[PDB]
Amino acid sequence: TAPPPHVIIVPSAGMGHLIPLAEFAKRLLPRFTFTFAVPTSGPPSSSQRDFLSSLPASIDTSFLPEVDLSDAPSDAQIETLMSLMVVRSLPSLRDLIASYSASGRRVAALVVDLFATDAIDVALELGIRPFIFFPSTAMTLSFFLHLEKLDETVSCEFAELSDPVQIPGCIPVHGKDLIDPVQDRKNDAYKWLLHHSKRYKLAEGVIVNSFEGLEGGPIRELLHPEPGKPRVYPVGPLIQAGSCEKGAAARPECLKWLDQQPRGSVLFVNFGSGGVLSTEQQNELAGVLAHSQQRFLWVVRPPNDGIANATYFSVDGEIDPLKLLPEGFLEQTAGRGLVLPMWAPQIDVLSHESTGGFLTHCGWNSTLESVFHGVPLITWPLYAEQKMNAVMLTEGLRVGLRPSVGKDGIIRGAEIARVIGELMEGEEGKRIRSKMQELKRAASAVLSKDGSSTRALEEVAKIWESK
């Protein structure tokens, strides 16, 4: 038996990046051992500790000594804070790598998050293969690689463009729909994003959680070799498994309800833990759901701008979101819909045969989970690159419908009802379902014993073991 080479992972964001990073590492076990070298600006969170400690033994964690970010403006976007966090943690990253190399272990590669590219300098100085793990779309990867050119050939704010931005190999996108950090070109967020995009060519490869059957255009453009463009390895869809392949067979309460409903008849509504809606926006959605004949399963959170404090609370002690719904919504909805507070077993809901639709904020892991299990989408993007994902999902793949937002930022009930009704019982909804089932089959194929994605993973492992 050969000694497993060691690989170090530097994440820069929260769970949306840890989950796919962990899945990537699990696919490569036990050939390698892994260390999550997590930069921090304070005591690690309980969810971080719990998620990383639940991983197989070959993946351990090191929470780097926290850096001081108090000098940054309180207006600083997360991109700026992540870049500062990684840059200031690099000496501790050297120390961690030293602890491994001084014991005789071979450090084969350094896998950096999309905002941790400054750690590539460490890898280069130590003779370690630097790779970038890209937990988003090939379309967003293409945009990153083209950001330099776009920055030089456009002076105004991108929203002010009248024509849609053309990214090599992707559907056009309006400047207003481009990622959050580029909406204020004067903010440090944009300068950091630009700085990181120019460093992708320093890596030996970019590992992207997508596949050609989902993003044909961008992936074929990216695989086409050009000098100054890194190798790209499509390995998606990397997603967690369901609780069926976990352990005890105890059934959550929402899945009991889903069994009682008929096939493909429930619209799952989940904006994610960072998708709090205003009171008005949540009232517009509730009103449509109350007057609808559609069965739904809706995860709700306390709005961000309640006129008054909370009066009701849950046993744990947090604000009770259900007592904030409109008067009589719960009685009006009983039987047809089930409202859940804060969280739900998303993957298992999407794998349920009764689930027929998914109203989502278009987080890429959620998109990938919906695609793998074949649940068509209502694309309700909110922040980060979700608007880009929505354009590609609705106007490119045509596996969802996007409700138009108003001039005040509100998606009125008319648009919510339009997309719900079309998806769940219109004629376009059947064509969208057929297409999504085709992508479901393509997603299982690339993960097959000999598929596009499994071979790309094998290529990465081979490169790491080489030389």
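One rule holds for the numbers: they count along the sequence shown, beginning at 1.
Peer 1: Can you let me know which of the two, 308-316 or 186-194, has the higher average C-alpha B-factor in the entry?
Peer 2: On average, C-alpha B-factors are higher across 308-316.
Peer 1: Take the C-alpha B-factors listed in the entry for 52-60 and for 432-440, compute each mean, and give the stretch with the larger one.
Peer 2: For C-alpha atoms only, the mean B-factor is higher in 432-440.
Peer 1: Say you rank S70, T33, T40, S404 by Cα B-factor from the PDB entry; which sits at the top?
Peer 2: Of the candidates given, the C-alpha B-factor peaks at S70.
Peer 1: From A241, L145, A286, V87, which pick has the Cα B-factor that tops the rest in the entry?
Peer 2: Among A241, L145, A286, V87, the PDB entry lists the largest C-alpha B-factor for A241.
Peer 1: Lowest, middle or highest third: where is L81 by Cα B-factor in its chain?
Peer 2: Middle third of the chain for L81's C-alpha B-factor.
Peer 1: Taking the entry's C-alpha B-factors for this chain, is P326 in the lowest, middle or highest third?
Peer 2: As the PDB entry reports it, the C-alpha B-factor of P326 lands in the highest third of its chain.
Peer 1: How does the C-alpha B factor of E385 compare with the rest of the chain: lowest, middle or highest third?
Peer 2: CA B-factor rank for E385: lowest third.
Peer 1: Among all modelled residues of this chain, ranked by Cα B factor, put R199 in the bottom, middle or top third, i.e. lowest, middle or highest.
Peer 2: Answer is middle: the recorded C-alpha B-factor places it there.
Peer 1: Which third of the chain holds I8 when residues are ordered by C-alpha B factor: lowest, middle or highest?
Peer 2: CA B-factor rank for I8: lowest third.
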